[PDB]
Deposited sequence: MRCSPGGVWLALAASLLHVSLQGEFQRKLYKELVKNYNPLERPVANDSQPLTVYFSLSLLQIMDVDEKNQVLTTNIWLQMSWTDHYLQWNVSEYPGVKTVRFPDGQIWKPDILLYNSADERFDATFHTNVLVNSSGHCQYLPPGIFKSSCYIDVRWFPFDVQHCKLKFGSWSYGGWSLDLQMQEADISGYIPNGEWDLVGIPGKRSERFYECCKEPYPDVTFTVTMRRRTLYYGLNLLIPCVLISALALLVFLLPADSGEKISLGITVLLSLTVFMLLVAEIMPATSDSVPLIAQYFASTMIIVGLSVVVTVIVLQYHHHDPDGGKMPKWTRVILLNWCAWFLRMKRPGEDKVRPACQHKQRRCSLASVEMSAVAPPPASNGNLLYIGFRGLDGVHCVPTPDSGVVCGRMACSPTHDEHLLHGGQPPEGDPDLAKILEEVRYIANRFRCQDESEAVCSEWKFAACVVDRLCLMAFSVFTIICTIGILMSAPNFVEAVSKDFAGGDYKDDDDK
């Protein structure tokens, strides 16, 4: 329009985009900085970066970009692209993107009284400490630090407005507790100008249904299945294979969780120590199986059962476990000849009776170690799982 063209010609006359738009050069410029969270795109534990979709909000006043709306009836708002007017050089301090600035340079909305409005969008990548001590029952506090790179406090003082969460798109994995901000001042030793900056702390809680279904319950079931070696009879000849196969499956499950864990050496993860305890339990079960197999295949005349072992296992353990114990010249030549066979059969019977005791002792040890290992596994799993804080909150929210 005629009035629009005339005003656009008038405004850019003698305008210097390198100048701070203030009436008094000795006074700072009040700039209001805010934020508008849209969605949490990705949280990467290994690289320790956070990716979010954010609309920034910067607002200030311009002394030169003013006009009387009566002389320009139709026009009430003008718009300028990047590079034609002065804008704050607000940057994200802790950035992980290749190019240090990720915002998209849109237009600037200027009212009739000299009020500007800049809302650039972008996909921001920032580096924050992602603790994995209580994984998967985690709560993370990631920070976003914004501030003017070059303008100090005598020139541009930053003010904070509350972050806008309306329009947030919920994430499937993470639950947003909140996002509170804070305006802080820095005092350089040179001078006496406060340096205002705005920091936003995004606090989120992981939803643990997926991990509980895919990593914890299957490992619990595999460890419980590993307990069956103490129920298999020793004559089957399959006791070792079960345990070693369970150990191999545990190694595979270990690599599965290792490929998603950061290499940080700050603390021992809950899942890591839980896997370690389960693996130790399986190994001890394998050792006990080896000992039981040694007891079962004992040589009948390779030694005598120790008195201490007898009084420990055969009677006391049976009492505790309620396991009952199991169980004419030719005439003389013919006589000696059949007596030899009778004595041989008697010796064989005695040897078998001796071996039965060793077999019973092996069975008793098997049952006792089954009981002990089941108790140990239950106690260790319950304690390790319950040690984590907000575990009750996590289970109540996710699984119910």
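Absence of C-alpha coordinates is noted for several segments of the deposited sequence, namely 1-22, 350-429, 503-512.
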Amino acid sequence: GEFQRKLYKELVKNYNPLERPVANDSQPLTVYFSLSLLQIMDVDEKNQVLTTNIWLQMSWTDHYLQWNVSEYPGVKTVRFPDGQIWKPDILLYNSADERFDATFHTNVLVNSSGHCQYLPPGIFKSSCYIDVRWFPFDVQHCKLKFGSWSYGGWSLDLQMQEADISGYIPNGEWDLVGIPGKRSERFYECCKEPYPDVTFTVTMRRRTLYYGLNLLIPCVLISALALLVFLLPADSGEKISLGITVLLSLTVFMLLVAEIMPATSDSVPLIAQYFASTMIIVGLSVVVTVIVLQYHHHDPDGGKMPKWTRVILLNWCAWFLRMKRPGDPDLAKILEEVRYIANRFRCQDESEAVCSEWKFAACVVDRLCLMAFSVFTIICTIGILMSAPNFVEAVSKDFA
From here on, numbers count along this sequence of modelled residues.
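Think of the rigid core as the biggest set of C-alphas that the two forms share within 1.5 Å after superposition.
The higher RMS C-alpha distance to the shown form in 9 other deposited structures of this protein, out of 127-135 and 299-307, belongs to 299-307, with every structure fitted on the core. A fit on the rigid core, followed by a root mean square over CA positions in 9 other deposited structures of this protein, ranks 163-171 against 310-318 and picks 310-318 as the more shifted one.
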